[PDB]
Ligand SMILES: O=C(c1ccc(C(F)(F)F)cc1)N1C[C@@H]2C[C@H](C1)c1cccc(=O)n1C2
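Presented as C-alpha cells, the chain that follows is alone, the form deposited without the named molecule.
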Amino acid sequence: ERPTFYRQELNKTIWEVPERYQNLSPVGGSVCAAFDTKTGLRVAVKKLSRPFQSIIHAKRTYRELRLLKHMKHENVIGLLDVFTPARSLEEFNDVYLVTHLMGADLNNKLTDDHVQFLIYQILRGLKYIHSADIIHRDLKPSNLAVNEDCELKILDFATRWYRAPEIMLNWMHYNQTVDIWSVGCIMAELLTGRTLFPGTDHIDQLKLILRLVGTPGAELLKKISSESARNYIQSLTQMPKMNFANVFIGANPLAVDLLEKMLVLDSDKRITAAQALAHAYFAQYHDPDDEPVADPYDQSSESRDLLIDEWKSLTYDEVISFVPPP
C-alpha cells in the first residue's frame, strides 16, 4: 500500500503526487489539470496553500475537507481522492485534493429544453445540499460547472448580482432560500442573455430588485426587527410588483411562473428546491425517486476553538480514512 510519489516543479512551487496522476498542467490553493491513469479521467488536482499556517487556516482546511468528503451526489462536486506525501503525522504539511476536471462553467441564448435541464440539475443538487443543512450562499454562474453533455455540478469555490437582498442588508439569520433567489437570477439570465440585476453597487442593486418585485408589503414589514430598516423602507415611494411576462417576453409561461415563485422578497414565501423540482416547468426531467437527499452534515466542528496541532491531527485523520468513490 501507499502509492509511489514523484516530484516536479510547477508554477513557482514543488508538487509531489502519486504516479497515477500524469501530465500536470497548471490552470493555477493552486490547481493543475492532470490525467488520472487509473480511472481514465481528466482531473483537477488542488495543492492547498498554507493549510496549517494558523489556527484559522487549519480550521478552514479541516472544514473544506470534511465538506468535500460528505458530498456524494451527481450534481455536486465530489472528492475523487485526497492525499499527502507525508508518511506520518509528524511529517504532515501538505494536502492535495483531487476532483473531476470540469470543462466549462455557466459563465462560458439557450433553448427552453436546455434551460430546463440546467436549472433542473441546479435544483437537484441544491435539494441535496439543503437536505444536509448546508446553505451555499454564493451560487452564481462561475460556481456551476458543465461538461459536454450539459451535465452540471455545483462547485464550492466577487460579483453580487446573484445575491439575495437579505444578504446585502446584512440580515444575518439566513434561510436556505437565499440560494433559490440566486437560482432565479441565474435562470433569468439563461432565458434573456442578460444579467437580471446588474447593479453598480449594493444600493443600485437593491433599487433594481425593488423595481421588479416592488417595495415590501405590510406582511413583510411585520418581520423586520431592525427599527432603522423599517424607517427607511417606509420612506420609500411604494412601487408595485412589475408583471414578469413583460420582463421575460416570449419565455415559456411555466418558466415565468417558476420565476415569480423564486424571486419573492420574503424568503419565507420563496419556493424550496424540493418544491421547485415538482413544478410543471420540469415535467420532462422530474423523477421523485431519483432526487436523493444527504445525511445532515455536522457543522459543530466549527464553533470549536482548538490548537493548530489539534486541527492538523483532525485533518490528518480525515485524509487517512478517505475511501474513494467505488
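In this text, residue numbers run from 1 along the sequence as written.
Keep in mind the form solved in complex with the named molecule is missing from the figure; the text below concerns it.
Heavy atoms of residue 279 never reach within 4.5 Å of the named molecule in the deposited complex, leaving it off the interface. Remark: residue 64 counts among the residues lining the named molecule in the deposited complex, judged by a heavy atom distance of 4.5 Å or less. Among residues of the shown chain, residue 136 is one whose heavy atoms approach the named molecule to within 4.5 Å in the deposited complex. Within 4.5 Å of some heavy atom of the named molecule in the deposited complex lies at least one heavy atom of residue 68. Note on the interface: of 68-76, 191-199, 83-91, 252-260, the segment with non-hydrogen atoms within 4.5 angstroms of the named molecule in the deposited complex is 68-76.
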